[PDB]
Amino acid sequence: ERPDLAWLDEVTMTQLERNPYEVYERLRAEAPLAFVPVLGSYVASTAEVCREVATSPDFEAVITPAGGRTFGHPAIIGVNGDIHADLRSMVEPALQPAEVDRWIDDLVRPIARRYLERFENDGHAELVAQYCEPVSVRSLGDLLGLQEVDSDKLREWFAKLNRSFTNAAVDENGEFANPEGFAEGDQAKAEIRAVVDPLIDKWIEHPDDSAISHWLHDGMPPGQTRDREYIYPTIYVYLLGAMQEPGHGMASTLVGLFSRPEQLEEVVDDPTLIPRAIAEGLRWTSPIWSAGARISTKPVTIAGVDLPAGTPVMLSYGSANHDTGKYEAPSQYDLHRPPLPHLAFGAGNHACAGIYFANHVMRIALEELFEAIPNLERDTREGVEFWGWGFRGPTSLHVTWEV
Ligand code: HEM
Ligand SMILES: COc1cc(C=O)ccc1O
């Protein structure tokens, strides 16, 4: 509807999935808050606007249309008030820093070693499928109580939920343009139910130290549990983003380091720099790139746009993390970038609950990788492609090393 942005009418969903950075560079300059027709929503592209919307008292949580179609209610990312307070209290115990420090090393390090031992003497590997994704899902899967669900299956589930959650394209009338793209999300949920319903049956009668068992029991009156239908949407939140994003983050960090071979050498030589390398990695390609949204609760003015009450705004944190008002040459990976705040974990009341855990998973995984393969190099015979608008990461990461 905005005349000078008529070019946005020609932006396609495929373009945003393959490479959103050119469109979003224009948005950050022309319209930090803009309606994108193919997404059917206002989008916030700059750090100032994302931060304001995510922390404003005049906005509250909502799920995107395709996200809500995929997860239903009450997904922790999309609720407010008393329900959100309860779901936050439910997930937070195992994520508390002092608790994570008690067991994170004994959890992740043996998992990383197990997967590394399968290929560390081959001289070649595709690290997304052989290392980054397995370590991410096996670590969280064991924490949750899903020890008997294979990492192949956890990876398949987050991939299907990813595509369903981000099936956001809409047509002229604002209707989903690809309604059949939700079917594999529905099929993944059906499989998850078949596996998890018996585990919940068991945990209700025999609680244990698994996180989902504690979700059922913690804070409840004696003999009561949270109803499974009340917690399943937050289980899906985990089985998508919590399973996927640490693997995305460590892979993007590696791609970034490979693009700066001098900096990769530094980090291999001095592993205490791995946390700094990961933080730049998350800024450089944010795993949660534009998955979330807020909705206005009152009429509000943002970036010169007068929004009525009830207006959704998508939070494109991955674009915000390339805001040239903050960073110099943000499209380049730079380990020695001055440490600044970033928005890869969001902001406000709905900011990431698992930051401390996620950073440790990524750190320990990179530590063990660089120890087992110090002469790791990227297979330049292959190129690295990134995919995703809602969630973004490399689709593969071929490497080689002298055995
Ligand atoms: C590098 C890995 C990760 C990244 C980049 C990431 C990023 C984010 C982002 C951007 C949000 C939305 C924040 C907002 O809307 O302002 C979020 C929400 C959330 N994340 Fe993380 N995440 C990561 C890993 C994890 C892990 C491993 C867990 C659990 C163990 C987790 C648990 C959560 C939860 C529960 C929420 C919802 C918070 C709420 O709505 O109140 N995250 N995360
Ligand atoms: C932490 O996992 C999730 C986070 C988000 C944030 O927008 C969306 C879907 C997810 O599964």
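In straight-distance terms, cross-link reach from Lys153 covers every one of the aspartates and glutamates whose alpha-carbon lies under 12 Å from its own, apart from those fewer than eight places away in the same chain; here that gives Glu133, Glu191. Extension gain for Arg114 to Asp306 (0.36 nm times residue separation, less C-alpha to C-alpha distance): 63.7 nm. Going from the residue with the fewest nearby Cβ atoms within 10 Å to the one with the most, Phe119, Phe59 rank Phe119, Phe59.
Neighbour counts of C-beta atoms inside 10 Å place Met13, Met243, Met220 in the sequence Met220, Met13, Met243, starting with the fewest.
Under 5 Å between amide hydrogens, built in the peptide plane, is the criterion, and for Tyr42 it picks out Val36, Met314 among residues at least 5 positions away or on other chains. Simple rule: put +1 on each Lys or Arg Cβ and -1 on each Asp or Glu Cβ in the range 21-122, find the dipole, and look at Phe71, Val43, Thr55; the Cα lying farthest toward the positive end is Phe71.
Rounded to the nearest 500, what is the 222 nm mean residue ellipticity of the chain from helices alone, with -39500 (n - 2.57) per DSSP H run of 4+ residues and division by all residues?
Working: 16 runs with 188 residues, N = 403.
-14500 deg cm²/dmol, from helical runs alone.
Extending 7 Å from Cα along the Cβ direction at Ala329 and again at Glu92 yields two label points whose distance is 4.2 nm. Grab the beta carbon distance between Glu1 and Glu191, set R0 = 45 Å, and tell me the FRET efficiency rounded to 0.05. Here the calculated transfer efficiency is 0.60. Residues whose amide H falls under 5 Å from that of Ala293, counting only those 5 or more places apart or on a different chain, are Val62, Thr64, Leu315, with hydrogens built in the peptide plane.
The HN-Hα couplings worked out from phi for the range 9-15 by the Karplus form 6.51 cos²θ - 1.76 cosθ + 1.60 (θ = phi - 60°) are 4, 9, 6, 9, 5, 4, 4 Hz, whole numbers, x standing for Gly and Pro.
With only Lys, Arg, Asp and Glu charged, each at its Cβ (+1 for the first two, -1 for the last two), find how big the charge dipole of the range 179-317 is about the Cα centre; round to the nearest 20 debye. Don't skip to the answer; put the middle values down first.
On the way: 10 positive and 20 negative charges, 118 e Å.
Here the size comes out at about 560 debye.
For the pair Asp269 and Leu340, what calculated FRET efficiency results from E = 1/(1 + (r/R0)^6), where r is the Cβ-Cβ distance and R0 = 30 Å, to the nearest 0.05?
Details: r = 25 Å, r/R0 = 0.83.
With a Förster radius of 30 Å, E is 0.75.
Stretch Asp105-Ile204 to full length: gain in nm at 0.36 nm per residue minus the Cα-Cα span? List each step's numbers first, then the result.
Details: separation 99, 0.36 × 99 = 35.64 nm, distance 2.88 nm.
Net length gain for the segment: 32.8 nm.
Backbone phi angles across the range 301-307, fed through the Karplus curve with coefficients 6.51, -1.76 and 1.60 (θ = phi - 60°), yield HN-Hα couplings of 10, 10, 6, x, 9, 7, 9 Hz in residue order; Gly and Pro are listed as x. Considering only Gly281, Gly318, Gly354, the mean-square fluctuation computed in a Gaussian network model of the chain, springs between alpha carbons under 10 angstrom, is largest for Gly354. With neighbours defined as other Cβ atoms within 10 Å of a residue's Cβ, the residues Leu161, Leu335, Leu240 order from fewest to most as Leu335, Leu161, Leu240. Dividing the Cα radius of gyration of the chain by 2.2 N^0.38 Å, with N the residue count, gives 0.97. Amide hydrogen proximity for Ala125: with H placed 1.01 Å from N in the peptide plane, the residues at 5 or more positions away or on another chain lying under 5 Å are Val399.
Each other residue within a Cβ distance under 12 Å of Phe258 adds +1 if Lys or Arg and -1 if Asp or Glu, for a net charge of -3.
Among residues other than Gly346 whose Cβ falls under 11 Å from its Cβ, what is the net charge (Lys/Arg +1, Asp/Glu -1)?
Working: positive: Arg51, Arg294; negative: none.
Charge balance near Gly346 sits at +2.
Note on the chain: with charges restricted to the Cβ of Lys and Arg (+1) and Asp and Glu (-1), its dipole about the Cα centre is near 540 debye. DSSP bridge analysis restricted to the chain gives an antiparallel fraction near 90%, rounded to the nearest 5.
Computed over the alpha carbons of the range 44-179, Rg followed by Dmax gives 19.2, 56 Å.
Backbone-built Cβ (ideal geometry, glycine too); neighbour counts: all protein chains shown. Read-outs throughout are calculated quantities, based only on the coordinates presented, and are distinct from any laboratory measurement.
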